[PDB]
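Structure, as structure tokens:
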Ligand SMILES: Oc1ccc(Oc2sc3cc(O)ccc3c2-c2ccc(F)cc2)cc1
Ligand SMILES: Oc1ccc(Oc2sc3cc(O)ccc3c2-c2ccc(F)cc2)cc1
């Protein structure tokens with residue numbers, strides 16, 4: 001999920 | 001509308 | 001209606017409570033049939049319950065219709081959730097119809113709604129929701145779900161807010177606790193609206209080839 | 001995050017505010033502008049969420065769930081807030097102020113506009129303050145997905161923060177919890193707009209009006 005990388 | 005009638 | 005004491009407000013809503021109807025329980029077509037039939041009969045009592053809700057009759061016929069059309073499933077859901085409070089992992093649709101989560105899988109797309117309903121019921125139990133608070137919340141749903149879609153309605157809503165505070169105060173809670181609990185209850189209504197929107201979309205998909213007329217108009221009201 | 005004072009909570013939320021972005025009329029064109037704008041705002045929303053007190057204390061899994069459920073609600077309450085001083089109009093961007101008739105360009109969007117315009121007028125009717133808005137938007141982030149204990153005590157803190165603001169503005173005890181209720185009940189309508197808005201975007205996807213970004217699709221697929 002792209003949302004994973006952006007949250008990190 | 002049935003609702004309008006049931007609301008008298 | 002605007003000169004009711006918080007205690008007078010409570011018992012007014014308590015007396016206005018609709019009865020708990022039974023099912024016809026002895027297949028996805030039968031399970032839906034039980035629910036559609038039960039909800040259709042409940043809708044008749046909800047209409048007469050709404051009239052006994054303070055301030056509702058003061059509105060116009062058009063405004064009465066609008067509020068019910070938008071909130072009818074919400075009110076059904078919070079009723080189910082409240083009845084199911086003492087039944088963990090099960091939804092008490094009727095005293096003779098206690099459905100399990102696994103039983104919800106009988107209908108495709110229903111189990112996801114069952115889970116949301118179970119969580120809401122579990123949340124009520126954790127908060128130890130009181131009956132006096134329940135009838136207040138259910139009346140709020142009636143007056144709030146379609147208000148912004150009058151100054152009298154918000155004036156009544158404020159009185160229900162005063163009532164909830166009055167209930168929590170006499171329950172011995174500190175005022176900090178009163179405001180916190182008040183917030184927690186009203187934030188649940190957001191999730192109840194969510195379940196309603198999802199549930200309505202599920203119902204509209206069941207209008208794709210045992211459904212009554214009144215229930216159809218309630219479904220058609222959401223386009 | 002729980003040791004924060006009411007004033008310190010307000011300041012933390014204010015400092016965390018994301019920037020107001022700009023935009024770059026037919027159905028494909030306006031949808032192109034909105035999807036582009038929404039994709040860029042989403043990047044700031046994620047970083048804003050991380051600056052919300054107690055949100056970093058959550059696991060990565062829970063952070064994802066809260067954002068996936070609330071992302072459209074957050075976009076809307078932001079739009080609604082910016083549109084307050086612009087009656088009858090919606091301020092998606094400073095160079096993109098739209099009225100309800102410009103919503104007829106895209107099929108099934110004018111219904112969403114009317115709900116959004118109604119929420120903004122309701123905000124102006126209550127004279128919503130910026131200190132209250134940042135609280136409501138943070139409440140949306142933490143509440144919307146909480147049912148699908150740390151979160152609930154952060155919510156209680158924001159509730160204490162909301163009351164503190166009202167008590168500061170000279171509101172009496174009765175006026176305080178009355179206003180608190182009116183504010184949180186609007187969140188029920190914001191959730192409603194989101195659900196109707198989420199279904200509309202899915203129909204735009206099925207109609208293939210404009211190619212959505214992979215991120216915007218992932219946020220959209222999280223609702224199915
Ligand atoms: O799959 C679903 C869809 C909507 C639902 O919403 C609810 S809550 C509730 C409580 C009752 O006491 C009686 C009916 C309901 C319903 C409901 C279920 C089916 C239907 F066609 C209409 C409403 C429930 C399950
Ligand atoms: O037809 C629609 C559908 C969703 C909508 O929700 C919102 S609110 C908002 C505020 C912004 O500052 C930027 C984007 C949005 C959107 C939105 C619009 C199109 C889209 F594809 C995703 C979100 C609005 C109109």
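Counting starts with 1 at the first residue shown.
Method of determination (from the header): X-ray crystallography, 2.4 Å.
Note: Cβ is positioned from N, Cα and C throughout, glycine not excepted.
Now, the feature entries from Swiss-Prot:
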- C:42, C:83, C:202: 17beta-estradiol binding site (BINDING)
- C:136: S-palmitoyl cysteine (LIPID)
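Known features from Swiss-Prot, placed on the structure.
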| residue | record | Cβ within 10 Å |
| --- | --- | --- |
| C:42 | 17beta-estradiol binding site | 22 |
| C:83 | 17beta-estradiol binding site | 18 |
| C:136 | S-palmitoyl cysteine | 22 |
| C:202 | 17beta-estradiol binding site | 15 |
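Taking only the Cα positions, the spacing between residue C:42 (17beta-estradiol binding site) and residue C:136 (S-palmitoyl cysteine) is 19 angstrom. In the deposited model, 11 residues go unmodelled between residue C:149 and residue C:150, whose Cα atoms sit 11 Å apart. A break of 3 residues separates residue C:209 from residue C:210 in the model, and their Cα atoms lie 10 Å apart.
With C:42, C:83, C:202 listed as the residues that bind 17beta-estradiol, the site has a largest C-alpha separation of 22 Å. Each end of the 5-residue unmodelled stretch has a Cα atom, at residue C:26 and at residue C:27, and these lie 12 Å apart. Cα of the residue listed as 'S-palmitoyl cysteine' to Cα of residue C:202 (17beta-estradiol binding site): a span of 28 Å.
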